[PDB]
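Participant: whatever this is, show me its structure:
(4 chains)
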Amino acid sequence: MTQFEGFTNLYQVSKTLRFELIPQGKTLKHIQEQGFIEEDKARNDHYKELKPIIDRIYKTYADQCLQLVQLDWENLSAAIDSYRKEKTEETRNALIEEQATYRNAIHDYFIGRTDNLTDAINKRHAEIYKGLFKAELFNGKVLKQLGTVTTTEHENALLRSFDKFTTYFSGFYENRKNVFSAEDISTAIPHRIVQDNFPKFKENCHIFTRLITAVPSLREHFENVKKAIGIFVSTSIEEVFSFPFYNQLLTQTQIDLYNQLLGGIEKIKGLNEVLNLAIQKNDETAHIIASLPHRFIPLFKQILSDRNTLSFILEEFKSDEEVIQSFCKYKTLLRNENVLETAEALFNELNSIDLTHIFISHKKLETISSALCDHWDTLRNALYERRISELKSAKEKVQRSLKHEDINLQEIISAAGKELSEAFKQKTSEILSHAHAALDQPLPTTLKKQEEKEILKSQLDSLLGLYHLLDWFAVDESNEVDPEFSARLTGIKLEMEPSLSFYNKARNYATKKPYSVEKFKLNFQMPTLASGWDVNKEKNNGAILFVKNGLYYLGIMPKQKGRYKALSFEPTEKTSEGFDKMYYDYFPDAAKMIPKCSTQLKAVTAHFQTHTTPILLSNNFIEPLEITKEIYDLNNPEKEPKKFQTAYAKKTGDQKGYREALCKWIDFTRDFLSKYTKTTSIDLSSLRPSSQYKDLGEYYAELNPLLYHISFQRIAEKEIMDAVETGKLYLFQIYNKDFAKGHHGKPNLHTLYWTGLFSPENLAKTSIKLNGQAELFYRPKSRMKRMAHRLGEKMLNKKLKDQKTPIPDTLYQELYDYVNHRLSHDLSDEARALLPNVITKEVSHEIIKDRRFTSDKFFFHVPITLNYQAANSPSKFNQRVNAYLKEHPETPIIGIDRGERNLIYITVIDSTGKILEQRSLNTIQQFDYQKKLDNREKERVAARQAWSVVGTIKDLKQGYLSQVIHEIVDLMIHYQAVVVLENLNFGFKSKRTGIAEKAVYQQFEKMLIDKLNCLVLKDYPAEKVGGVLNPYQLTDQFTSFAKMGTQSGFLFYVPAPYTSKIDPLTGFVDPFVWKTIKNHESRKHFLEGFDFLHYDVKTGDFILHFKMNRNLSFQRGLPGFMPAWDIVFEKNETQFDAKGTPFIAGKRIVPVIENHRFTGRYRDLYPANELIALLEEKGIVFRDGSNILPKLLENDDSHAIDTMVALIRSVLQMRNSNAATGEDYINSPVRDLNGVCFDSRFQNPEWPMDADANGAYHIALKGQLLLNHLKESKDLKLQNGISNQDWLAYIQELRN
RNA sequence: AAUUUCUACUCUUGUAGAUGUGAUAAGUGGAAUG
DNA sequence: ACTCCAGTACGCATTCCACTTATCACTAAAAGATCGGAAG
DNA sequence: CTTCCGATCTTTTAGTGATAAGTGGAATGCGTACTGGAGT
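Facilitator: Numbering: from 1, shown residues only, chains lettered A, B, ... in the order given. Pasting the structure now:
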């Protein structure tokens, strides 16, 4: 038996906290006088421009070493094809171990331990490998080992600039450590060679040999595209695709050569294009290569190699003065090119040239009709009637078809008159006048003001207006053209063509977020600054914390002149006034630390190469510790698994020898813990005795929480004040919003973590561990045009008297300018309408717009570890969750969807299938979000064309789903329920949904999956489960989207389709795909595949019978549990809902179509009235109750069958929507067992309210299916996804 | 319209949620308009 | 013989911008370089 | 005057267990044009 509150302290999580540092006293003065910030910025710039220079060493070494690989690849091919054919865990393990040994085999080339090379070059490779990851990269022997690398004097001086500062690269050092590593990771070069590129090369070889065996006489074609491309001329085509050629093709140059062989580069085609050129021949060879996989796949780029196509550049133009200088250079380019003079010459020629020889492009003439007339349909209609006058529906159709392709100047002028010509010359004259006026206009000095943006807009709009006037004339050779005029037109067009990119980059610079977020790391001339907080390392790291009446401070102790002298604050009795300095006694994790200080020292290693006598170690020990051969040999074996390691027991299987080895290691490390001078005072009575341990990892996970302590001791106030006055100590205050003097409400979650870390119950028992490796950053002041609500002016809210609906920003700016009496425009009608509903304020204190970026700020990033008493990795988390779910069958289920009328809709249901709660997440914290997103979507185009700055729609839609997160976890905690989301990997949504993009909703599932694993609640007590020190852990760790499967703890995933178009009373879903009913005989086969249709007199509605064992051709291939269906054409009658609002039953809403195109408008129809009006044409007695379907089918009135099948589609359509009247409902065309059709307009609380509620209810029902199949199963596992047919069978089973 | 940072705001010199940072490498993809 | 029309058919186009997916560190102390100052 | 030594500041270094045992993988709808049969 397990409780829901028992899902806490499951595994460690790691978080980080960010704060602002506010310097106190003379701290900023001393820092500015010492000049630390400029030096650290220069050092960051030097590192940034040194990173490619130092990476060139690694790249050259990898390219030089990898060319010597002569390792054959038939064994991996056998392993991978055996695994592909057989597909068990045995072949999977064989493939894994073969990949591992080949990765180690080509890693032996990196470490110089392969047997394929000579011993001298192996020793050289080993020495250079030890060289690559130590400090000799800056002025050492590594460059002399690889003489090919040539370094200039400037980069050598900049390399020397990091003297005695190598540790800046230390993490970067280890970063290159997992580029060259061989342990099965995506960054590894051997992993890229073995498990990424080689399967693609094997696949390419296999499709090549299938193609060359099935289709001969194409080897010659492959040979001549090879010699046209001109690489690999030393060997033939089939040897290139053979396996030994992969002895080559490891360096990235040959990878690029192979890729450009496959896809060409002059336009010399490659293997891809000379295969689709054979495919398009549509002959027998094309047919037999069409059924055969014909797509060669390019190989992946090698790690750490330089990019060669550079993908697509993503050039964003950097600074405002630099784009101004670019615009000056461009304007001087048009000034020296004299574009105005040649444009004017074209204008004079246009009045004295044969206008029948100049043509106009097809897709833009309406814009000309939009310009030269009052409406854009005048020119086309005039040409239509003029071509009518020279003559019928096919005649005028082919007339307009030949019209728009070759629009002629003289033809248009003769069609309309001289009005277009005089308007044309007037427009060209004013366009060239404005263009030359803007060309003579000088550039502004800056761009920070909006009037500078406006004059830049005027210039660019004039120039692009000239461009859009100029590109009117057609120049292609499809029609005749004057040679010199077309040549001059092309010259002027491509002399000033690339201004479109300039316009778009200017738009991005105007649209971009005004702040600067760039920050550089600060060091204060300290290598390893604030790397750890340990009291012994306070000398070198120089970072400590203080607490003074609830305010937290960070003190850093800078290096003195030349040598450095410590401060060494003495502790003071707690009654005296002062700070509270934190003492941090931390021994790091024992797995590396116990061998660090014993059995791996140089003394013991040098001793044990000649003697078997145990060695006594005395320094850094309170009592000498003996190390003998039988304990040193356990940690230093020749074979790769150690005796105490569980891998040795897995490999060989002697359990008793492994047990003695583990017991001896535990006894030795206990003796070390008792004797080492750091940990001799740590109590270890909590540890279990040595023999009662299953494995060493359990012992280390038990021991590690005992080696971490935080204490606090009072330091006198005048001592700290004199330290920061003298300059010996720099004292900052940790600050965020919740430490302000006007702090009023609930604090942030990071402030909760920071406060609970230093709580006394955390100090007594550490549930949150304060980590080392803390960074300090500096953000310089961002150049901003300051905006502030000054004192004495009016200041406008963004909401009405009701708090839900916001104000559109286009109206909001006009209202804000009105209430501040700037005015300058007539007040709009909408503003005057909602003026009584708006609320204004008199300002009290000055509010600066985005004040945090108006000054330079110090920042402090510090990591913490939560649930630190627990293990570092989950162990069968999903099995534990399924065990709890099996023990508790009464758990509710919370279904999620996204919808059209509501952004997120939630339902909570019981295990019995009945509903408990239906809720729309439209309004979050008394604020409606659909109104805000609709307003933003409405004015996004206007904000785009007005050169204005506004937030995007992705940030609003990623900062509404953060508000959704709190409500989801509130419901989850309140109901103690599982939650079922949408499996985006399976389904695809529609184009009407609010949240419609897979990226920003996969991201929402990511936020929900990494929120639930460290869930804390603000209102909960700190001691109680769910508080700061006992967080809820309800989900497994996130790894990847495609790797987590369906169940991720208490948060199930389930496929999307068939959730919103199902009846919630009988499970009826759309049986017919309507892409196959397009023809007249298809319509009569659809009618003949139906059973029978009639009228009943008692209820007055039409009854139709259908069976899916008939009419399989147009039916979708999803059989159902039920074998028959009773489609009801409901008799439309004024019905009443629960609140008494009348409505009409059976109403349907469909798109309207002119003849073939939908207009986007909606028709409301009443199907029963339409069909009785249809049969009134026939005159058949429907009240007789006979089978009227053959009576309608016995005559071939095609239009009657067309409206019959369209009517059938309308009634059998499940959901109905109309955004104009706000209608959204589900109406059923069938009855249940009780004998009533479902209608969501009845507003019954026992059933879904609308389409969104129906979808969420059915997603929760799918989750119920998955949980029920868990409870019936005995293996504590799910089905790894649920099919649509099984879901349909289940939903039609339990509800019928 | 103020924030470690983001989103939305104003009874409140601030509010309600969310908030793993830094470094490196790779895949290349997403959005808009027709 | 001419014209309508309704079922049939084949195959996206350009422009613009950065988004996501894996890896590692979250460290005190041993070891080594360096240096101001002392011994021959 | 020349050579060595303990303090001091950087650097690099030790390394435990284990997990997926699957990857149900998606299907373009829209649109402008085409052509063969039927009415006049």
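
Participant: quick one: list the elements packing against the helix or strand containing residue A:721.
Facilitator: Take DSSP states H and E as the rule and residue A:721 turns out to sit in helix A:717-726. The helices and strands touching helix A:717-726, judged by 3 or more C-beta pairs under 8 Å, 6 or more residues apart in numbering; DSSP states H and E, are strand A:578-586, strand A:730-735. C-beta here means a position set from N, CA and C on the backbone, and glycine is covered the same way.

Participant: in that helix, what counts as buried?
Facilitator: For helix A:717-726, the buried set under the neighbour-count rule, 16 or more other C-beta atoms under 10 Å, comprises A:720, A:721, A:723, A:724.

Participant: how about stretch A:1137-1146?
Facilitator: By neighbour count, and taking 16+ other C-beta under 10 Å as the criterion, the buried residues in stretch A:1137-1146 are A:1145, A:1146.

Participant: likewise stretch A:277-289?
Facilitator: By neighbour count on 16+ other C-beta under 10 Å, the buried set for stretch A:277-289 is A:278, A:286, A:289.

Participant: in TSV: these, plus secondary structure.
Facilitator: Formatted as TSV, the entries for the buried residues of stretch A:277-289 read as follows, by DSSP: H, G, I helix; E, B strand; the rest coil:
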residue	secondary structure
A:278	helix
A:286	helix
A:289	helix
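
Participant: tell me the one of these nearest DNA strand C?
Facilitator: Closest approach between the buried residues of stretch A:277-289 and DNA strand C, by C-beta to the nearest atom of the strand: residue A:286, at 12.6 Å.

Participant: what does the stretch 701-850 of chain A put close to RNA strand B?
Facilitator: By C-beta under 7 Å from any atom of the strand, the residues of the stretch 701-850 of chain A that approach RNA strand B are A:735-738, A:740-746, A:748-751, A:771, A:775, A:787, A:789, A:795-799, A:806, A:839, A:841, A:844-845, A:847-850.

Participant: one more pass at 6 Å, please.
Facilitator: Taking C-beta under 6 Å from any atom of the strand as the criterion, the stretch 701-850 of chain A approaches RNA strand B at residues A:736-737, A:740-746, A:748-750, A:775, A:795-799, A:806, A:841, A:844-845, A:847-850.

Participant: filter these to the buried ones?
Facilitator: Restricting these to buried positions leaves A:736, A:750, A:775, A:796, A:797, A:799, A:806, with burial counted as 16+ other C-beta under 10 Å.

Participant: among these, which are located in helices?
Facilitator: Within those, membership in helices is found for residue A:750, as judged by DSSP state H.

Participant: kindly indicate which of the buried ones among the residues of the stretch 701-850 of chain A next to RNA strand B lies nearest residue A:671.
Facilitator: Closest approach between these and residue A:671, by C-beta to C-beta: residue A:775, at 38.3 Å.

Participant: list the contacts for the closest residue to that closest one other than its chain neighbours?
Facilitator: With C-beta to C-beta, 6 or more residues apart in numbering as the criterion, residue A:775 has its nearest non-adjacent residue at 4.5 Å, and that residue is residue A:861. When contacts are counted by C-beta atoms under 8 Å, 6 or more residues apart in numbering, residue A:861 touches A:16, A:17, A:18, A:774, A:775, A:776, A:777.

Participant: one more time with 7 Å
Facilitator: The neighbours of residue A:861, taking C-beta atoms under 7 Å, 6 or more residues apart in numbering as the test, are A:16, A:18, A:774, A:775, A:777.

Participant: again, but for residue A:301
Facilitator: Contacts here follow C-beta under 7 Å, 6+ apart; on that basis residue A:301 touches A:252, A:255.

Participant: where does it land in three-state SS?
Facilitator: Each residue gets one of three states, and residue A:301 gets coil by three-state DSSP.

Participant: cool, residue A:403 as well?
Facilitator: Under three-state DSSP, residue A:403 comes out as helix.

Participant: that one: neighbouring residues, count only.
Facilitator: Residues lying near residue A:403 (other C-beta atoms under 10 Å) number 20.

Participant: regarding chain A, what is its longest helix?
Facilitator: In terms of residue count, the longest helix belonging to chain A (DSSP H) is helix A:36-66.

Participant: quick revisit: what's in contact with the helix holding residue A:721?
Facilitator: Contacts made with helix A:717-726 from outside it, assessed by C-beta under 7 Å, 6+ apart, are listed as A:24, A:25, A:26, A:27, A:567, A:569, A:577, A:578, A:579, A:729, A:731.

Participant: which of the residues you listed are buried?
Facilitator: A:24, A:27, A:567, A:569, A:578, A:579, A:729, A:731.

Participant: how near is residue A:755 to residue A:486?
Facilitator: Using C-beta to C-beta, to the nearest Å, one gets 76 Å for the distance from residue A:755 to residue A:486.

Participant: farthest-apart pair in the buried ones among the contacts of helix A:717-726, please.
Facilitator: If you compare every pair in these using C-beta to C-beta, the most distant one turns out to be A:27 and A:578, at 17.8 Å.

Participant: hmm, back to that, which helix or strand contains the residue nearest to residue A:775?
Facilitator: With DSSP H and E as criterion, residue A:861 is part of strand A:857-866.

Participant: helix/strand/coil for the residue nearest to residue A:1238 when sequence neighbours are not counted?
Facilitator: In space, not counting the residues next to it along the chain, residue A:1238 is nearest to residue A:1228; the distance is 3.8 Å by C-beta to C-beta, 6+ apart. Secondary structure state of residue A:1228, per three-state DSSP, is strand.
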